[PDB]
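>>> Experimental coordinates for this protein are included below, preceded by the sequence.
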Amino acid sequence: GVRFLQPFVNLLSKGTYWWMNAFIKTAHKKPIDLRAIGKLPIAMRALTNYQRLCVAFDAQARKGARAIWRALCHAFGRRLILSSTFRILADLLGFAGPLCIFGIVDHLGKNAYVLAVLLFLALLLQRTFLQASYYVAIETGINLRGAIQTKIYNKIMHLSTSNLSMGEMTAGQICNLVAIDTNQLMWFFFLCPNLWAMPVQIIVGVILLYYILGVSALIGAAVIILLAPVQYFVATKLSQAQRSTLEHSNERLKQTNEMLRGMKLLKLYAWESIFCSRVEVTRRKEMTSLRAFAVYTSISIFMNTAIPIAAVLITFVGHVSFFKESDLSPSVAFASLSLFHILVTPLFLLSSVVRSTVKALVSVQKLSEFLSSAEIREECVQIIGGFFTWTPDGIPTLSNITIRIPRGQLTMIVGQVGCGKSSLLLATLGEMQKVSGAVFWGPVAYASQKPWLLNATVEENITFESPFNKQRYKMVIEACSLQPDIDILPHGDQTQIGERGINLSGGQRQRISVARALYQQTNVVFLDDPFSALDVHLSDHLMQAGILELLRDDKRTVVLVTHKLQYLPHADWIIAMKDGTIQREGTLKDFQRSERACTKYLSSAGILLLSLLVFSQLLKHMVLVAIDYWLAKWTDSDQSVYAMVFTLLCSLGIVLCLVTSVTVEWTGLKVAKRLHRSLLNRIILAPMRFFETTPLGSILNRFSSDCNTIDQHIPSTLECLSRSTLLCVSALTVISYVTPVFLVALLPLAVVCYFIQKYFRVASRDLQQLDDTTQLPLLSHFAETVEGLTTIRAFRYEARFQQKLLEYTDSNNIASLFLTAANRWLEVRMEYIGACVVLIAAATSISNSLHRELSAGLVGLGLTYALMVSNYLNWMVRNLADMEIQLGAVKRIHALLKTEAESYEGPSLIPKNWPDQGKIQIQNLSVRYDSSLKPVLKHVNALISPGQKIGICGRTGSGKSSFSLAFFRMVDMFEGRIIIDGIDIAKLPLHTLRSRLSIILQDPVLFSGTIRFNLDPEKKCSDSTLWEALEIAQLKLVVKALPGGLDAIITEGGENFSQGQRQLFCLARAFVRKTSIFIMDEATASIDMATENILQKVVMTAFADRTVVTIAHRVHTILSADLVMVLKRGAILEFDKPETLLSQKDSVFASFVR
Ligand SMILES: Nc1ncnc2c1ncn2[C@@H]1O[C@H](COP(=O)(O)OP(=O)(O)O)[C@@H](O)[C@H]1O
Ligand SMILES: Nc1ncnc2c1ncn2[C@@H]1O[C@H](COP(=O)(O)OP(=O)(O)O)[C@@H](O)[C@H]1O
Ligand SMILES: [Mg+2]
Ligand SMILES: [Mg+2]
């Protein structure tokens, strides 16, 4: 069952893609689908390409960055060679055409119709073989893409998480790798067959022009030899800028990644200016690289036009009067112009080719450095002599661990923050094979400390490739405290969980991960603090239902690592860790007995610059057509008059063309930088609702792809399109002038071409849309596999995931293949149209201009322009399609620009310093996340006296985090009044409101850089200040134990710091901010109670003269406060006296909970 049949048709059809007819006809009748399009052939599957590639890679290794390149060239092989041979034959015929022109003109001056028929056949043949060469190059490229994609996906498996902690294996870096390297390698492998025919082409060009010029060859030969070395030097100066360009863009992308996943914390206390100025500086450096590249390309185009025109002028002048004394018959003149144009076209192309060439080189260097990452080491739960560290060599954290875990038994690991608990969990998991030690125990379910979700439905995230079960799934759901929240969602179930779970809450994702690890059938289950983002009551219900009733039912083995009170009397073994060592060991008793798109684009381009561009282009082309017409009327013959006219026009042409190129490059640069500056400040001024709503992957990929296309694809493509359209205009005008009868044969051509273009347009749009809709999920899958590595390699589901990726990549490949096949079919029929027009143009010429018109000079112009446009027609159509795609790109940028309604900040209270008196009062407050949705708060009324500690309590979904977010005006549908020292938002813009408070979140984020950049991005602190802030935040000892104390390199999250240490760093931000009001949303989330109590005591003794409002799921912290308010289903209630607030409720909500 297949629909694509290129290898499955007859000899004559493969060239024309006749088979496509049905398909393109079918597409208009019914829209296209993935089940509509077929499967991939036997010789097209990514499995066989990966097979061939790995076999060649092995053969190359038995005999580095160069090795894989050799292997690629080997693997494509014969197909690639064939593409080159087809192109060379097409080139020889393309040169053959102008010779037929020479013969026709010669017989016109005096076996002529034969010249027309043979010329028509030759042109048709060249077109056929050129399009076949392009098709086979595209085939080789798509197979390359598939093979290297599956190779890197297989290698991501054996990659160790110690690389993932480093910047080299950054998830964003790996997805950038996949996407941009697909792109760059595919484009280089489409342009490589084109350049493997430039040398043979130029050689045949000169060997043909000798026999036409004679002794006057010297001038053209000197010109085309003087061209080469200066071009080599220019290309060198170009490549040097381009490589640094790539480095700077690669760092900008990671800065954007770490800027967007933390826009909440960024806008919370408004660190925006710092990150925005940093991205602006990176953009300025990138722009320096780009402007160097653009000036060099402008000089390149200047040379590639100026040297040619001088060559033509010199050669002709030399032949007529300088030495030769043989009158150049017009045939020689026009044939020389034709061969010369054929020679000129490759030189313009090679300059654009370098852009893809150095990019392919850089992409392969990156791919080889990625393949050279560290492997994974091939080998009751038993451990004797534990010893391992996180590098090939270094000081260890795992030292002398001995542990026995009998089946059907609960084991609580406990210990301070940073005691190798998760590390013991991962080493036991075999993900980290110890240096020296024995470990014995299978497919093990496991819920990691930082959960992750798949781009799928909830039911799918909980099944995880296992078949469904009526009672099993319902039990796992009804034990995880998840059914009410699931039913509250917009779709009662199968809700498409967004990327990473943005449209989910903090506790929801944790409960979903625990449900996944609890639903699967296995012996051993590891639970890595599954109680961080849960309250007291949900934790009690989950531990009682799933862990004690559901798990202990089947007598499975459970290793659960957390720190609570209820769990200890329930487990059988207890393991105390300290500084990577087991302090004590055993059971409990023995342990207790032991010791709208193009308008703004053109406006940003400038009404003065694009106008000058169009004007200069038109003027240059008018000069070019006029000089050729004048020369034609002169050749068939005031000789000095014509000589001066020719010499004047030959300088006018180069002046005008140089001006055109310079203007085009300037326009491109301006568009690039204005668009980027607009984009970033449109994203910065967005509300948090827009950031949570929008999928972030779309934002980032649109950002990178669109900006790269505009920076590097829009100038060249736009200028080539303009050149081709002006060439077409010139050719049509010339043919109309030479034969006023051709206007009878032009309308049928236009009508047929118009109808076929209309038919192609809808099928092309459909194929492009399907291409995008299949290309998004593949990259989603790549990202999710890269981040959720530990779980996938714990289950040992690697076969299932590799099979899934094979499915997705095969669908992507078939979509791309059909898009390029439709492209090829349109090109072939357009080339047949061009053959028709040139044929009957030459026929009407040889008939009319000889029999009845009797004109000599017009024949050369007519045939030259016809042979020129017969190729520039297809070239022009391709350039127009490229411009359309890039303009749709620009259009999606412009559509992204204008959303995120202003929500902007908009001086009587600013001039007065923000008061230290922390007296605040909220009267009749409500809150709604989305406009016209359910209310979250209702009739909120509270007051807070100056300099007093304030506690808040409540169940899940009560509204504590909503209370905090509304205290910062992060929820845009609040109703009521918020007064702070007789001062509210009535006279204050949002910036002074972002500077007045401090906030610590339950979700700890940490962007890469140094410790100084995480602690104070403003760089306005002394080192003693930060050392004191760390010694107060109970973090000094773990900071001193790192290389480069205050300058240790931090990566985004990673394992350089556990969750508790990230919480402590957020606390340190709060310490150094030095504001009057504090908000603390669960600073207890991932800190041990033993350290948490003393940490809270020290943080109370430190922040004595300022108001602090806390929301902690720890009872004792709530107990220590004076004014505590309990949030209800929608409302609150305040109470002050510790002895009165505990018996007034009749001991219900605050006493028995304690
Ligand atoms: N991949 C890694 N690279 C560097 N250091 C690590 C890595 N993994 C763990 N560590 C170190 O070992 C300790 C492991 O702490 P951990 O067991 O995760 O704490 P907890 O279980 O309380 O969250 C941390 O202090 C950390 O510094
Ligand atoms: N970003 C959001 N978009 C839409 N609804 C939200 C959002 N955040 C919270 N909610 C809703 O608000 C209610 C409770 O708010 P929340 O601040 O999350 O309470 P808690 O902090 O106790 O979890 C929940 O029913 C939840 O569905
Ligand atoms: Mg941990
Ligand atoms: Mg919360």
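Sure, I can see it. Numbering: from 1, shown residues only. Ligands and ions are numbered 1, 2, ... in the order given.
>>> can we go C-alpha only for contacts and neighbour counts from here?
Noted.
>>> For the host helix or strand of residue 963, buried residues please.
Using DSSP states H and E, residue 963 falls within helix 960-967. Within helix 960-967, the residues that count as buried by 16 or more other Cα atoms under 10 Å are 960-966.
>>> Also stretch 25-44?
Result for stretch 25-44 [16+ other Cα under 10 Å]: buried residues 27, 32, 37-41, 44.
>>> Show residues contacting it.
Here stretch 25-44 makes contact (Cα atoms under 8 Å, 6 or more residues apart in numbering) with 1-4, 143, 759, 762-763, 766-767, 770, 810-811, 814.
>>> Taking those residues, tell me the two that lie furthest apart.
143 and 759 (28.8 Å; Cα to Cα).
>>> Please identify which of the two sits among more neighbours.
Using other Cα atoms under 10 Å, the more surrounded residue of residue 143 and residue 759 is residue 143, with 22 against 16.
>>> The more buried one against residue 46, yeah?
Yes: Residue 143 lies in contact with residue 46 (Cα atoms under 8 Å); the separation is 7.1 Å.
>>> Wait, residue 409 touches residue 571, no?
Yes: Residue 409 is in contact with residue 571 according to Cα under 8 Å; the separation is 7.4 Å.
>>> so what's residue 677 up against?
Neighbours of residue 677 in contact, by Cα under 8 Å, 6+ apart: none.
>>> actually residue 629, not the one I wrote
residue 861.
>>> Could you name the helices and strands sitting against the lengthiest helix in the chain?
Longest helix of the chain, by residue count under DSSP state H: helix 798-851. Helices and strands touching helix 798-851, by 3 or more Cα pairs under 8 Å, 6 or more residues apart in numbering; DSSP states H and E, are helix 11-16, helix 46-62, helix 78-109, helix 113-158, helix 746-787, helix 857-897.
>>> Please spell out which residues along the third one are buried.
By neighbour count with 16+ other Cα under 10 Å, helix 78-109 contains the buried residues 80-81, 83-91, 93-106, 108-109.
>>> about what we covered before: and the helix holding residue 963 with ligand 2, contact?
Yes: interface with ligand 2: helix 960-967 contributes 960-962 (Cα under 6 Å from any ligand atom).
>>> Between helix 960-967 and the following helix or strand past that helix, find me the angle.
Per DSSP H and E, the first helix or strand lying C-terminal to helix 960-967 is strand 975-980. Strand 975-980 runs at 70 degrees relative to helix 960-967, counting by axes from the mean of the first three to the mean of the last three Cα atoms, to 10 degrees.
>>> starting at the chain centroid, how far to strand 975-980?
43 Å (Cα atoms, centre = their mean, to the nearest Å).
>>> Parallel or antiparallel, list what pairs with that strand.
The strands beside strand 975-980 in its sheet (DSSP bridges) come out as strand 920-927 (antiparallel).
>>> ok, and what's touching the partner strand?
935-946, 962, 966, 971-981.
>>> need the contact list for the residue of the stretch 51-200 of the chain at minimum distance from ligand 1.
Using Cα to the nearest ligand atom, the closest approach of the stretch 51-200 of the chain to ligand 1 is made by residue 162 at 5.0 Å. Residue 162 is in contact with 390-391, counting by Cα under 8 Å, 6+ apart.
>>> Restricting to C-alpha, output the helix or strand hosting it in CSV.
Per DSSP H and E, residue 162 falls inside helix 161-165. The C-alpha trace of helix 161-165 is given here as CSV (Å, rounded to 0.1, in the frame of the first residue of the first chain):
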residue,chain,number,x,y,z
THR,A,161,23.6,12.4,32.3
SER,A,162,27.0,13.7,33.5
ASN,A,163,27.2,15.2,30.0
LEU,A,164,23.6,16.4,30.3
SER,A,165,24.6,18.4,33.4
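>>> how far out from the middle of the chain is it?
The answer for helix 161-165 is 21 Å, by Cα atoms, centre = their mean.
>>> quick check: angle from the helix or strand just after it to helix 746-787?
For helix 161-165, the following helix or strand on the C-terminal side (DSSP H and E) is helix 171-195. For helix 171-195 against helix 746-787, the angle by the same axes, to 10 degrees is 140 degrees.
>>> Show me which residues of this protein are close to ligand 1?
162, 165, 390, 417-423, 1055-1059.
>>> Farthest pair within the residues you listed?
So, the residues of the chain next to ligand 1 by Cα to Cα: farthest apart are 162 and 417, at 19.9 Å.
>>> need the contact list for residue 848.
739, 854.
>>> for ligand 2, what are the nearby residues on the stretch 901-1050 of the chain?
929, 936, 956-962.
>>> let's go with 5 Å and repeat that
956-962 (Cα under 5 Å from any ligand atom).
>>> Any chance of TSV for those residues, columns distance to residue 403?
Formatted as TSV, those follow (distance: Cα to Cα, whole Å):
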residue	distance to residue 403
956	37
957	40
958	42
959	43
960	42
961	41
962	44
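>>> burial measure for the closest residue to residue 97 other than its chain neighbours, as a count.
In space, and not counting its chain neighbours, residue 97 is closest to residue 119: 6.0 Å by Cα to Cα, 6 or more residues apart in numbering. Using other Cα under 10 Å, residue 119 has 25 neighbouring residues.
>>> mind checking which helix or strand residue 938 is in?
Short version, using DSSP H and E: residue 938 is in strand 937-944.
>>> Can I get the following helix or strand past that strand in PDB, CA atoms only?
Next along the chain after strand 937-944, taking DSSP H and E as the criterion, comes strand 949-953. Output of strand 949-953 as PDB, limited to C-alpha atoms (Å, rounded to 0.1, in the frame of the first residue of the first chain):
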ATOM      1  CA  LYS A 949       5.100  38.100  60.800                       C
ATOM      2  CA  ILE A 950       2.000  36.900  58.900                       C
ATOM      3  CA  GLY A 951       1.100  33.200  58.400                       C
ATOM      4  CA  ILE A 952      -1.400  31.700  55.900                       C
ATOM      5  CA  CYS A 953      -2.600  28.100  55.700                       C
END
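>>> strand partners of strand 949-953, parallel vs antiparallel please.
strand 1107-1111 (parallel), strand 1123-1127 (parallel).
>>> And for that strand, what's in contact with it?
So strand 949-953 is contacted by 944, 960, 1107-1113, 1118, 1121-1127 (Cα under 8 Å, 6+ apart).
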